[PDB]
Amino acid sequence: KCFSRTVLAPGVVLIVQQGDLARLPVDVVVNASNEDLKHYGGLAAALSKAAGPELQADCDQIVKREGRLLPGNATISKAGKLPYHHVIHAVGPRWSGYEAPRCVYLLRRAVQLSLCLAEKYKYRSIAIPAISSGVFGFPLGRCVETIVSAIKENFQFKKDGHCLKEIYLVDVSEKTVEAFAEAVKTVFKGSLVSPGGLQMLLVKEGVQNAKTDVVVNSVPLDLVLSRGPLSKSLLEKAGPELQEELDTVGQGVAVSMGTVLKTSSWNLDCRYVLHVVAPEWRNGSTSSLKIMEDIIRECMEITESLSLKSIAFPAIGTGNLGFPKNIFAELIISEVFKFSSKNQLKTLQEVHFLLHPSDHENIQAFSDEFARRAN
């Protein structure tokens, strides 16, 4: 039983249907999974059954070679006896009344990530169930608006290249599908304040011209500052004494992934510069998403321990490391929120976002997200 049919964009159509994810006319289906890729209850169990042990087997090996996933994550496995080659496994969040927005955030990261994945393997049709709604507790109303919002933003934010044409939104119960069809109906000043007081300023200057107490740079494993365009602009403006200081502070240290080192500002108008070695997008890896949230937390954390009052973040990793810009905007914003609410800060009160005037995708990404957050 089909319900509605909606156009997103030329060639692309969103279809709410009733049906069984096991037997559907699409390239790939999305599984509501957990952190271990274990499929012991729910639909994922329905899927495992039909697929046979092959389905679990690959998962098990995926979990032993890449390790457990975390909420807000998605990977891709063999399908076994299913009418597909692959299943996309989306690990949605567990639902908590207190951490609502972070839950909304992670449910949506999962959906976004799973669209990325299907797009990577060039699929042109996908089936998505109401992830999280079952045994992870996510109230059916918010769950499905979030999924639909996620999908909208996928085609709204960058039209530039897309393999997907058919997105099915599925379930076997009639009410979940009613939700979905209601959800689709509903779905179709750069300055926020978190609960605990700290505010985030959208700012459209070169990072070199920033005037905060702390500024973050993104830099490679051997710490040369001349390579990336962000690093280059700081190097140029500060003086070469920043390269000399950085190489000397990172002397006795086996520079790894998620490494943060502090230097003084020289020519620059800030007091200190935090230099950070950000992870490659690696296709949206679990690691990449941890390590980056961690850097973000550490730089704010450090800053509170220096008793400083303000810090300037650029779109780190959205250049050569290949982070889809929207995903990042929304990664760092969540993290500033999550962090501010959970701590009682004494001196940190202002996170600025420095976006090059000529970087419209980054200006765009952060605006849209700021708009949602003020909405």
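The first residue of the sequence shown is number 1, and the count goes up from there.
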Residues with no coordinates between residue 121 and residue 122 in the deposited sequence, how many: none, 1 to 3, 4 to 9, or 10 or more? none
Average Cα temperature factor in the PDB entry - higher stretch of 344-352, 319-327: 344-352
Select between 110-118 and 234-242 the stretch whose C-alpha atoms have the higher average B-factor in the entry. 234-242
Candidate residues 275, 102, 89, 204, the one whose C-alpha B factor the record puts highest: 204
Third of the chain, ranked by Cα B-factor, where residue 21 sits: highest
Mind checking which third residue 297 falls in for C-alpha B-factor across the chain? lowest
Of the three thirds of its chain by CA temperature factor, lowest, middle or highest, which one includes residue 142? middle
Residue 156: which third of its chain by C-alpha temperature factor? middle
For the chain shown, is the CA B-factor of residue 259 in the lowest, middle or highest third of its modelled residues? middle
